[PDB]
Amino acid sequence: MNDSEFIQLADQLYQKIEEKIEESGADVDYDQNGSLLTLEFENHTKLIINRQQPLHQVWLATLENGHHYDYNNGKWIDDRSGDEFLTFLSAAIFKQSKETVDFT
């Protein structure tokens, strides 16, 4: 994967997260600031998603831990756990808002 393609895939990922938040009607605020996509919940907690172009990775920061994802198999995959990014994100959103956003 080159830089231009990573950009395409990551842009699609960010729009999908934003779109699915819209489909869901969930009370999750989103703001993209450059490479960052910040999700804020009504309890003032946050999930921060960051693009790292030179590594062709997407990074997620939860309240406890950081996670780094590769595009594998048409999906974004955690490089330690093998967990898929969007399944994991749905669960994190749920833990912090108890609202439900499906990205599948």
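Residue positions are given as counts along the sequence shown, with the first one as 1.
**Q** Could you check the entry and say whether 62 to 70 or 31 to 39 has the higher mean CA B-factor?
**A** Looking at the recorded C-alpha B-factors, 62 to 70 comes out higher on average.
**Q** Using only the Cα atoms and their B-factors as the entry lists them, report which of 93 to 101 and 4 to 12 averages higher.
**A** For C-alpha atoms only, the mean B-factor is higher in 93 to 101.
**Q** Ranking the modelled residues of this chain by C-alpha B-factor as given in the entry, is residue 22 in the lowest, middle or highest third?
**A** According to the entry, residue 22 has a C-alpha B-factor in the chain's middle third.
**Q** Per the entry's values, where does residue 45 land by CA temperature factor relative to the rest of its chain, in the lowest, middle or highest third?
**A** Middle third by C-alpha B-factor.
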